[PDB]
Amino acid sequence: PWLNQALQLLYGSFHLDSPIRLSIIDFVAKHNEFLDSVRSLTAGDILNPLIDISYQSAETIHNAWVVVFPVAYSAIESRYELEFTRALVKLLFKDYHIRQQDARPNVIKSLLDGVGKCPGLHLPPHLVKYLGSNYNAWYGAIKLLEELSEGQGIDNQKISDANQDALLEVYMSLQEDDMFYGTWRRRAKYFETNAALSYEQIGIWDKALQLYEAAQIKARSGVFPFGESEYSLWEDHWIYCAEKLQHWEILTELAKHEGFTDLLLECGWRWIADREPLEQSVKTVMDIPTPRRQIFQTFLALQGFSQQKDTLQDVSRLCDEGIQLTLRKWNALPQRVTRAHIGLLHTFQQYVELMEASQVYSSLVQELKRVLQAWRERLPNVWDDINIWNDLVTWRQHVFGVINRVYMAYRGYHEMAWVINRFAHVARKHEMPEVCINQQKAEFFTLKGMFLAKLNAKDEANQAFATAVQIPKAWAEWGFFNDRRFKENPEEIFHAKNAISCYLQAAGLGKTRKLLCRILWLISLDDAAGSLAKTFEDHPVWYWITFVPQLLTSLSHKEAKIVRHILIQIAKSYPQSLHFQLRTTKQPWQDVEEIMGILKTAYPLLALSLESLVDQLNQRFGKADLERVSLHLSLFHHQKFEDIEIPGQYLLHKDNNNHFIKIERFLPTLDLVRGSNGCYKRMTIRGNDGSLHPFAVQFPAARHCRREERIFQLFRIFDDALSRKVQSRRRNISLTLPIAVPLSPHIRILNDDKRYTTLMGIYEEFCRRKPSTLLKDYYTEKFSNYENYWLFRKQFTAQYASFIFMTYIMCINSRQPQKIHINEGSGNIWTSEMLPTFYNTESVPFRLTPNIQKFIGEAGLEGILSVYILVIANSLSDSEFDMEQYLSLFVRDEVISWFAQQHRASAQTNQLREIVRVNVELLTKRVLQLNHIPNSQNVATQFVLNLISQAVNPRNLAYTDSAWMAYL
Amino acid sequence: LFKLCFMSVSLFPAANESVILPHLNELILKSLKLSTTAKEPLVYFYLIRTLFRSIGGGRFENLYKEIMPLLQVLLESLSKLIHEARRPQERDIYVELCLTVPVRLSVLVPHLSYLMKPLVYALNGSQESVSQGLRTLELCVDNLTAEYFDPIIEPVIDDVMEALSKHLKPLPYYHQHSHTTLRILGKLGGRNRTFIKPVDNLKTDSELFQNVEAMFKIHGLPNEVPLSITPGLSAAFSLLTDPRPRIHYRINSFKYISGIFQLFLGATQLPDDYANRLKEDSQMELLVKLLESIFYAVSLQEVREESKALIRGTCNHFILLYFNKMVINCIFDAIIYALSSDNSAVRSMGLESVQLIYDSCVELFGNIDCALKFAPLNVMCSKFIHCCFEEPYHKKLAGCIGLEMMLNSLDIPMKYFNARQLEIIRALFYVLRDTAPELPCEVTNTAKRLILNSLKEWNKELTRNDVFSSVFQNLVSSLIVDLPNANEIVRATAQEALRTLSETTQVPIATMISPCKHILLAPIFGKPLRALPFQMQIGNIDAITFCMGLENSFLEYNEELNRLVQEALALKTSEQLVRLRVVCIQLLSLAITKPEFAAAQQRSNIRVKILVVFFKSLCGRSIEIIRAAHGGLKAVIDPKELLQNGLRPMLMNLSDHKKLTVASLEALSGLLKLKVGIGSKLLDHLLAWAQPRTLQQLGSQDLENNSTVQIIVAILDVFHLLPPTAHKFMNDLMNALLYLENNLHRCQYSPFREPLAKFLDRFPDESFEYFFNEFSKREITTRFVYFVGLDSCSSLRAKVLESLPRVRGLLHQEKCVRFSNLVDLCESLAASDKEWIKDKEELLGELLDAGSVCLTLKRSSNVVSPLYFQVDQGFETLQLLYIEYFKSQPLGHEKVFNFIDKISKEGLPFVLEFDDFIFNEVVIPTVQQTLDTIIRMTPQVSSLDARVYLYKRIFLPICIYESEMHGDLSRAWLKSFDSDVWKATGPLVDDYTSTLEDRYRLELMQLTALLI
Amino acid sequence: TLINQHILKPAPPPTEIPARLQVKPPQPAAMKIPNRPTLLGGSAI
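Protein sequence lines, in the order shown, are assigned to chains A, B and C. Numbers 2469 to 2491, 2521 to 2767, 2771 to 2865, 2877 to 2919, 2938 to 2968, 3020 to 3051, 3056 to 3093, 3097 to 3126, 3131 to 3177, 3281 to 3315, 3408 to 3556, 3601 to 3667, 3695 to 3825, taken from UniProt numbering, label the letters of the first sequence in order. Numbers 742 to 1021, 1052 to 1099, 1122 to 1364, 1382 to 1448, 1454 to 1489, 1495 to 1633, 1639 to 1748, 1753 to 1800, 1811 to 1851, taken from UniProt numbering, label the letters of the second sequence in order. Numbers 430 to 474, taken from UniProt numbering, label the letters of the third sequence in order.
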C-alpha cells in the first residue's frame, strides 16, 4: 500500500513542536517537576512510532489516511478543487493492470472512504460504482452515492439521473430489493409502472406482468417521453416476471431473435441429443467466465461422460477450476453474510451434486439409494425463491433421467414424480396457484366433504366426514362444521357437545394451539347443563401450558371440575411451568392448595429450591455488588438443587422442553440504572452456554400487569404464524416483544439489558450536550464505519413497521416517546404497557413524527415501512383465521374487565356472546381492510399510504395531545 | 520416552498391545490429578497429546467410555480460564486434546456437545489445527440427522459461520481448506441460510475506537487542528504482546502507547497551592487498557528503566487527587492484572506499586490512623475483597495475592482488621467454593493458609466465656453452617480453622459452638435421606462424624438415621458410590467405639445390626471399601455365633477351588489381624498354579504387568500373619521359592522375593537356624544375602550380627569351600550400616587367607577352565570393601599390608577401585610419615619383589606431585633413607647381575635424580 | 454414513481481466436474477 509513503510525505509537513495537548513540602515539589516538566510531549514521539507501527499493519494506514486527508483537503483552497478532482479522477483511472491489489483494506478502499469524510468533492457516480464493486468497499460507495442524491441538489438533471442509475445497480448487486423497489417508485414517472413495481415486490406476478404490457402501450406514439431508464425496467421486468411465472416457451421464441445467455439458460435446462448446437454456443459466451457459465460447461462435460463421449478426469478438472472462480466472487462481496450471498450458497449445492453425479453414473456403465435419500433431503427452504427452487428440480430431473435411461425388485425410479410434487407443493405455498397445477382414501372423501361444507350441505358433509373417519383432519373438521352449525343454530344447539369431544379424538394425533383456543371458549359458553364434561371423559399435555394464565382464572368460575383435571396433569409432568403462575393468585381460592399440595408431594426438592429463590428476591428488592445485600444468591448455586431453568422460557413455543437453558450462576453485579420509572435492580444470570441473561426485577406491578400478559400472549400466537409464511420469513419480521414472567402478586421480572435506551433518553442526551434531524445526528456520530450505520438504519425501519401494526390493530392509546424502547446495537423496537381500548379515542393513526421520518430515509419509507405494514396484514388475514379464531378468548377477558372498569357491577351475561362477536368483528375488519384491493388499478397498498399520509400531516399532528411530544 | 513407547503399539497390532492397554487408564487419570498440583502443569498435557496422536484408527479403545465425561469437563472448564502463559497459545493445546479423542463417533461421540465451544477456537484463530477443526465438522454433518444435530449447534451457529467464511479465499490461500469449507456449506443444503438473521453486534464506538483529539500544528492550516491520535492503537496492543515480530516494532509500540498515556496524565490541572490545600465515562476503560500495557512493558528488556519511571509517577499522582477530593480509580483495576499476571517482573511491579501507594501515603500525612479514615488505603481493601467474588479464575488469584501482602504491610493497626473480620473470611471461604477441582490449586493454597494464619494472628486477645455475645459467635455460626456440604476443601478447612480458632483463647470446642449447635442439626435431621443426591450424602455424614468427635454433643436421637445408614451400606458415579459407603463406616465405627453411649442404646437391639452389616461388607466387590471396614473391626476389638456365621462365608471363599481373587485374600489377611491348617491348605492352592506348564508358557513375559503373578504374591502375603506357633513352614516354603525361580529362569530378583522376607521378619531364629545348616550350598544362600541386605528384615540382621562368628567357623573346615558365599554375606550387611566395618579385622584377613588357598587350586592347568566366577568375583568384592575399611581410619600404614597378602594373584591390585585410592593418599606433616613406613617395610626382601617394585606408584607420585604444586622439595625420611640404601651391602641391590631386580633399582635411580 | 472424495494437489488456474461495461438499472441486468453468478470476475476499465 503506497499510502504508507504518502503519509510520511504528508507527515513531513507537520510542525513537530513541543506543546501537544488534547483540549510534606518536598513531596509536592518532586511530582510537580514530574507531571509538567517531564510530561511536555512534542509531536515527534507520537508520529515517529506511528510510522514504525504502520509498516507492520495494513489497517493503520487505512485508519490514518481517513483522519489526515480531510485535514489535508481542507487546506486546498478555492479555485483548485476542480483541479484537484480531475487530478484525482485521473489517478483512479490509472490502471496498474487491474491496479492489482485486490487484497484487505487496500489503496482504493482507503482512498474512497477518505473522500466521503470530506465534503466539497463529488467524484463521478459511474466511477464510484465501478471502483466500489470491482475492488471492494461497497459501503464506501453507498456513502457517496447517497450523499449526492439526498441532502442538497446537484443543480443538474443529467448528473442527478446518472447518480440514480449508479445507485440502483449497487442495490441490485447487494440484493437488497426493498431499497431497490423503493428508490425506483420514488423516481419513476408513469402510473402503470408504480403499480407493477409494487405488485412485484409483494409477489403476485399475474397482475405484475399485465401492468407492464399496459405500461408500454401507454408509450409507442403516446405523448409521454418515458425516459431512457424506466425503459430498461419495462423490457427487463416483463421478462423477470415471465420467468418467475414459469412461462418458458414464450421466452424461448423471444430469445431466438436477439440471441444470448437467455437462450442458453431457458432452452438448456427446460443435452445428449442436442449437444452439438449447445456446446458451440456455450464457447461463444464461455469467454469472460462467470460462476453461472461454468455450470453449463461442466454439465455438458458430465452428460458426455454418461454417453462416454467425455472422460471422467476432465469433470474433476472442470469442477476444480470452476470452484476457484466461484471463490473469487465470494471474496468480492462484503464481510457480513446477507441475502447477497444466497445466490452463491445455491451454487455450492450445484457443485456438490456435480461431483456426486460424477460418481453415480461413473459406476453405472445399493449405493444409488443412499445418494437418492441424501438428495431427497438436501433442498432449500420453503420461503427461498421460486426460481432457485426451480433450478434445483431441473437438475435433479436431468440426473434421475440418465439413471432411468440406463436401467432398461422394482427397478422403477418414480423419483422425478417426487421432485415435481415437492415443487408443486411449494409453488402453492408461495402464491399464485397456476404454476403448480400445470405439472389413501379418506383424503378424497375429505375433499368432497369440504366441497359440501362450502355450500349449505349439512347432511352431505356429515355423511362424507363419517365416510372419511371410517377409512385425521376430518375428525376435527366435522366438529368444525358443528362449530359452524352452533354459530348458525340457536343457543341450545347440542352439536357442540359432539364437537369438543371430536377434536380431542385426534388432538394427540404441532398445530394443536388452533384447536385448544377453540376448546377453551365454548366450555365457557354458559354451560348450565355441563353435559360436555362427561364427553370430556370419553378418551395433548404440552400445548396447554401456554394457556396457563387463562386456565388459573377459570377455576373460580364454572367448569372447575374439568379445568382442575388439566392442571393436575401439568404440575405432575412439568413443575417449573406452573409454580410461578399459581403463586401469583395468592372454593374461590381454596382448591389450588390441593394443586399446591400436588406440586409439593410430587417433586419435593424442586418446590423447595424454587421458593428459596423467590423470597431472597422478595426480601431485599453506577454499579453495586450482589455480595452485600444478596449474599444468599452467591451461595445459591453451591446449594442449588439439581437444575433450575432460566425463567420465561415456557411463555414462548419450543414445545419439547429439552434445550431450555438452566441457571448456572448469578453474576455479582447489581447494575441498577436510573430508568424512566425511577430505578430498578438489573441482575445477571449466567447460562449453561456462557450466555449471560440480564433480567430486571421491578418493585411494584399495577393492576394492568394481569392484563398486559394477555396482550403479549396474543402476539405469541401471531409471531410464529408470521415466521411460517414466505413473504414474511424472507424478510424476518419478528414482532420482538419481551418475556415477563410473574413471581408473586407484586413482583414480576422481565428480560432487558444494556443498549435498550428509549427514545426519550436520546432526547435528554442531546439537551445534556447543549429541532428535526436528531436521530440522524445521534446515530451517525455513534455509528462511524458506514457499513454499521446503513445496516442499523435498515433494521430500524424494518422494525418500526412491526411497531405500527400492533399499535394500529387493537388500538393502543397515546404512545409517549418514553414508552417505546429501541435497541442500540440491533434496532429491535418494542413497547411497554400495551393497554387497548377497541375504538378510536382521540388519535392520529400512529406515531411517525418527523424526527423519525428524516431517519427513515424517504426511500425506505416507500420501500420498507409501507410494505412491511402490508405484508404483516397479508399473512395474518389469511393464515388460519388469526383475525377470527384466536381472537375470541382474548376479548372475553377484556370485556369482563371493562365492566369492572366503568363501574363495579357486571351485566349482559346472555348478551356476552354478542359483545364478543362485535369487538371481534371490528378487529377482523381492521386487519382485513388495509390489505391490498384485488383490482389492478391501485398501486398495491393505497390504504397504508392513506394512513401514513394522515400520520405525517402537520394539521392532524398538532391537533392531538401536547405531552405526546409531536415535534420529536 | 513416552513418544518411544506409544509409537510401538502403532507399530504392532500384536502382543505389544495388551502390555500398554491397562496402564493408560491410570496414565491419563493420574496426569489430570497431577496437573492441578504441579509446578509446570503443561507437561502433563503434552503427555496425553503424544498419547492421542500416537494411536488412531486403533483396535477398540473400549476403556474410554468411562473417562470421557470427566476428561471433557476438565478440558472445557480450563479452555475458558486460560490466557496464554508464556505466550504459547496454551488454549490451543486443550482444544487439540478435546477434538482428537481417539474413539468412534457413533455412541461415544454423542454427548460431544462439550465440543461446540472449542470448535470455534480451532477454526478461528488457528493455522494448521484449522484442518483438525474442519475434519470433525465434516464428520458430524453427514453422519448425524438434522433433527438431532441442528439443536446442538444453535448457541454457536452464528459464530461458526463467521469463522467458516474467513476460509473461502482463492489460490494464494489453501486449496485444502477453501475446498473443504465449500463442501461443508454445500452438503447441508438449505440449512446454510437458515441462520441468516438481522445482526446484533454492531460495534458502537468502543474504547480503543475512541477518537481522542490531540491539537496539532501544521504549516498549511494556520490554526490548532485536532486529529485522532489513535489509528494504530489496535495495532499497538497486538504488537506489544507478541513475541513473533521484531524488537524494534515492539519498542515503538510502547512509545506510541506511553505517548498517548502521558497526554491523559499531564492534562489534569494541578493545584495552585497544594501545600496550602493539604493544611485545609468512556475514558476510564480506555486508561485501564493503556496503563496495563505500561505494566506489561516492565517485562520487556531495555525499556523497563523507562516504563517503571512513570508507573511510580502515576501511582504517586492518583493519591493526591483523593486527598484533594476530601473537600469534594483506574490504577486499582490496572494493579489487579499486574498481581494476577505470569512473569515475575510484572508481578513484582504489582507488589512494588501497592507499597508505593502506602509508603508515600505515610510520607504525606504521617498519622496512619487518619490515613485510614478516608484514605485510598481503605478502598484497596474492598477491591481485593470484591474480586474474590469474581467469575474468572485469574481475578480470584489477584485478590488472594493482593490480600496476603495487605496483611503484611498494614500490620501496625490490626484493630482495623477486626471490624472487617467476618467480611474477609466469608470472602475467603467463597474462593474455596466456586473454584473447580481441576484448576491448579495456587488460588486455594493461598486461601487455605490465609484463614488459618489470620485467626492465630488477630484472635490472640479474647478473654473468657463472658464475651461471646454476638460478634464472635456470628463468626462461629458462619463456619459451622458451612460444615455439611460437598467440595471437601471447604469442608476440611472448616474443621482446621475451628480447631485453631479454639486453640488460642482456650475454650472447649463443644462449648464454643454450644449456643448454636441446634441450628446446625435442624436441616441435617429434617430431610433424612433419598433426597439430596450422592454429592450431598457424603456431606450430611461428615458434619456428624466430626460432631461426635467432640467432648459431648447430642447424646440422644441419632438413631433416626442410624438405621438409615446401615441400609445404605447394606445394599464418576461409581467413584462416589464407593465414596458413599466408605464414610458410613466411620459414622458407625464411632458409634460403638465411643463409651457412655453404647450402654445408653443397649435396650432395643442396635449394636448387633451394626456389627452384622459391617461383616457382609467384608466380602465387597472393591478394595478400599474393605480397608475402612477393616479399620472398623480392629477398633471394636477392645458374637461367637456371628463369628461362626462370618467364618462360614469366609471358609466358603477359602474353599479349595483355585479361583480366589485378590479381594478375598487381603480380607483374609485382615481377618487374621484380629487354628493352623490353612498353611497345609494354601501350599496346595498355589501348586495348582505352580505346575511348570503354567510357567514355561510364561517364559519371558514381564512379571509385574502379569495377572497370574498377583494371585501368587497375594497368597504369599498371608504368611506374615500366621498363627504364632513355632512354624515348620520354613523349609517347604523356601523350597517353593527356589522351585519357582528355576522354572522362571530368573535369578537375583523376583516380585515374590519381598513377601517371603516379612515372614522371615516374624521368625528370626527359625530362619537363620535353617540357613546356617544349609550354608555350603550356593543357590539357596544367594537368596539369603539378598534377605539380609533388604531393609525390611530389620530383625533378621540383628540375628546375623549377634550370631556372626559361628559362621566364621565354617571357613576352617573340598570343592565346596565357600569363600565366595561369606564375601557377599559380609558385603550385604556392610552396606546396611557403615559402622559395622570399623572393628572387624581378624575376620577380614581370615577371608583373604582362605581365598588365597582357593587361588592355588584355581591356578592349575590340569583341567581346562577352573576359573569359577564365584571365586574371582569374590576377590573383586572383597577388595572394594577392604577399601571401605581403609577410609574409616586415618593411618597411612595399612595400605602397604594389602600388597604382600595378594602376591599369588593378579599382580598390581584391581583397577577403578584402588588406583584412585592411592591417589587420595598421595594428594602436611603426615606425608613425611608415609615415606618413613615404605623404607621400613621394603627391606623385607621376601615380600615378592613385584610388591617391592609396586611402590613406584606410591613413592614417586608423592614427590612429583610435591615438586609440581609446590616450588622444589620444600617439605625426617632423608635421615632414614640414607641409612640403609646408601650403606647397603653386597647380597642386596649393590651387586651386579642382569635379573628382574633392575626393575626395582630404577625406583632408586629415578628417586635420587629427583632429590638433586 | 457416506464415503467422501479428496482434494488432489496444488494446481494453479489464474483468471483474466475482460473488457466491456454496463449501465442497465433493472434487477436482471443480464440473463437472470442473481448477479454474483453472472458478473465477470474483475473487469478492465
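The beta carbon of each residue, even a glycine, is placed where N, CA and C say it ideally should be.
### Task
Give, in chain order, every residue of the segment 1238-1269 of chain B whose Cβ lies closer than 9 Å to some Cβ of chain A.
none
#### Entry: Short Cβ contact (8 Å threshold) for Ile1150 (chain B) with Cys1086 (chain B)
Reading the second sequence from its first residue, position 357 is the one you call residue 1150 (chain B). Reading the second sequence from its first residue, position 315 is the one you call residue 1086 (chain B). It is a contact, given that the beta carbons lie within the stated cut-off.
### Query
Quick one: what's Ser1500 (chain B) bridged to in DSSP?
Residue mapping note: residue 1500 (chain B) aligns to position 680 of the second sequence, counting from 1. Answer is none; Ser1500 (chain B) lacks a bridge partner.
### Query
What first and last residue would you give for the alpha helix (DSSP H) that runs through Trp2702 (chain A)?
For the purposes of this step, residue 2702 (chain A) is taken as the residue at position 205 of the first sequence. Element bounds for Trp2702 (chain A): n/a, residue is neither H nor E.
### Message
So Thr2838 (chain A) contacts chain B; which residues on that side make the cut at Cβ distance below 8 Å?
### Response
If you number the first sequence from 1, residue 2838 (chain A) lands on position 338. Under the 8 Å cutoff, chain B gives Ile937.
### Query
On the premise that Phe1177 (chain B) lies in contact with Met1142 (chain B), defined as a C-beta separation below 8 Å, what is that separation, rounded to the nearest angstrom?
Translated into the one-based positions of the second sequence, residue 1142 (chain B) becomes position 349. Translated into the one-based positions of the second sequence, residue 1177 (chain B) becomes position 384. Not quite, the Cβ-Cβ distance comes to about 17 Å (not below 8 Å), so this is no contact.
### Query
Quick one: Cα of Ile1129 (chain B) to Cα of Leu1061 (chain B), how far?
Here the question's residue 1129 (chain B) lines up with position 336 in the second sequence. Here the question's residue 1061 (chain B) lines up with position 290 in the second sequence. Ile1129 (chain B) and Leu1061 (chain B) have their C-alpha atoms spaced approximately 14 Å apart.
#### Entry: Completely contained beta strand (DSSP E) runs for the segment 895-964 of chain B, where each covers 3 or more residues
Runs found: 954-956.
### Query
Looking only at its own chain, which residues have a Cβ that is under 8 Å from the Cβ of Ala1439 (chain B), when we skip the five neighbours before and after it?
For the purposes of this step, residue 1439 (chain B) is identified with residue 629 of the second sequence, where counting begins at 1. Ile1395, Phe1424, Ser1427, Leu1428, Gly1430, listed in sequence order.
### Query
Listed from N- to C-terminal order along the chain, which residues in the segment 2559-2591 of chain A have their beta-carbon within a distance smaller than 7 Å of any beta-carbon of chain C?
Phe2590
### Contact belief for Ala3507 (chain A) with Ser3736 (chain A) at Cβ below 8 Å, rounded distance in angstroms
Within the first sequence, residue 3507 (chain A) is the residue found at index 721, counting from 1. Within the first sequence, residue 3736 (chain A) is the residue found at index 879, counting from 1. Confirmed, about 5 Å.
### Task
Consider the Cβ of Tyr2737 (chain A): report whether some Cβ of chain C lies at a distance smaller than 8 Å.
Here the question's residue 2737 (chain A) lines up with position 240 in the first sequence. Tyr2737 (chain A) counts as touching chain C.
### Query
Hey, would you say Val1747 (chain B) sits closer than 8 Å to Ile1708 (chain B), going by beta carbons?
By 1-based counting over the second sequence, the position of residue 1747 (chain B) is 922. By 1-based counting over the second sequence, the position of residue 1708 (chain B) is 883. The answer is no: Cβ separation not under 8 Å.
### Query
Looking at the structure shown, is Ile808 (chain B) part of a helix, part of a strand, or coil, going by DSSP?
For this step, residue 808 (chain B) is matched to residue 67 along the second sequence. It is coil, neither helix nor strand.
### Task
Starting from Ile769 (chain B), follow the alpha helix (DSSP H) in both directions and report where the run begins and ends.
Reading the second sequence from its first residue, position 28 is the one you call residue 769 (chain B). Going by DSSP, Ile769 (chain B) is part of the alpha helix (DSSP H) stretching over 765-776.
#### Entry: CB contact flag (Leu3438 (chain A), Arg3510 (chain A), <8 Å)
The residue given as residue 3438 (chain A) occupies position 652 in the first sequence. The residue given as residue 3510 (chain A) occupies position 724 in the first sequence. Not a contact, by the Cβ cut-off of 8 Å.
#### Entry: For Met809 (chain B) and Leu3093 (chain A), the rounded distance between their alpha carbons
As a position in the first sequence, residue 3093 (chain A) is number 509, starting the count at 1. As a position in the second sequence, residue 809 (chain B) is number 68, starting the count at 1. Put simply, the backbone Cα of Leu3093 (chain A) is about 40 Å away from that of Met809 (chain B).
### Start-to-end residues for the alpha helix (DSSP H) that takes in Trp2830 (chain A)
If you number the first sequence from 1, residue 2830 (chain A) lands on position 330. Taken as a continuous stretch (DSSP letters only), the alpha helix (DSSP H) holding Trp2830 (chain A) covers 2812-2831.
### Task
Please say whether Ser3420 (chain A) and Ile3447 (chain A) have beta carbons closer to each other than 8 Å?
The residue labelled residue 3447 (chain A) in the question sits at position 661 within the first sequence. The residue labelled residue 3420 (chain A) in the question sits at position 634 within the first sequence. Cβ distance not < 8 Å, so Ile3447 (chain A) and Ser3420 (chain A) don't count as in contact.
### Task
Grab the span of the beta strand (DSSP E) containing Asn3537 (chain A) for me, first residue to last.
Sequence index remark: in the first sequence, residue 3537 (chain A) carries index 751 (1-based). Segment 3534-3537, the beta strand (DSSP E) holding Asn3537 (chain A).
### Query
Count the other CB atoms within 10 Å of the CB of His916 (chain B); is the residue buried (16 or more) or exposed (fewer)?
For the purposes of this step, residue 916 (chain B) is taken as residue 175 along the second sequence, with counting starting at 1. Looking at its Cβ environment, which holds 16 or more other Cβ atoms inside 10 Å, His916 (chain B) is buried.
### Query
In chain order, what residues of the same chain have a beta carbon less than 6 Å from the beta carbon of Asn1646 (chain B), not counting five sequence neighbours either side?
Taking the second sequence and counting its residues from 1, one reaches residue 1646 (chain B) at position 821. If we look at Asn1646 (chain B) and ignore the five residues flanking it on each side, its Cβ neighbours are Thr1601.
### Task
Express the C-alpha separation of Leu2903 (chain A) and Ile2795 (chain A) in angstroms, rounding to a whole number.
Mapped onto the first sequence, residue 2795 (chain A) falls at position 295. Mapped onto the first sequence, residue 2903 (chain A) falls at position 392. If I take the Cα positions, the gap works out to 13 Å.
### Query
For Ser1685 (chain B), is the classification buried or exposed, using 16 other Cβ atoms within 10 angstroms of its Cβ as the cut-off for buried?
Here residue 1685 (chain B) is taken as the residue at index 860 of the second sequence, counted from 1. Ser1685 (chain B) is exposed by the Cβ-count criterion.
### Task
Determine the burial state of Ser1612 (chain B): buried for a count of at least 16 other Cβ atoms within 10 Å of its Cβ, exposed for fewer.
Residue numbering aside, residue 1612 (chain B) sits at position 792 when the second sequence is read from its first letter. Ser1612 (chain B) is exposed by the Cβ-count criterion.
### Task
Could you round the C-beta distance between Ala3301 (chain A) and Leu3307 (chain A) to whole angstroms and report it? I think they count as a contact, below 8 Å.
Residue numbering aside, residue 3301 (chain A) sits at position 607 when the first sequence is read from its first letter. Residue numbering aside, residue 3307 (chain A) sits at position 613 when the first sequence is read from its first letter. At roughly 11 Å, the Cβ-Cβ gap does not stay under 8 Å, so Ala3301 (chain A) and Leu3307 (chain A) are not in contact.
### Query
Does the beta carbon of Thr467 (chain C) come closer than 8 Å to any beta carbon on chain B?
Translated into the one-based positions of the third sequence, residue 467 (chain C) becomes position 38. False, the Cβ-Cβ gap to chain B never drops below 8 Å.
### Query
Taking 8 Å as the CB-CB cut-off, is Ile446 (chain C) touching chain B?
Indexing the third sequence from 1 puts residue 446 (chain C) at position 17. By this cut-off, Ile446 (chain C) is not an interface position.
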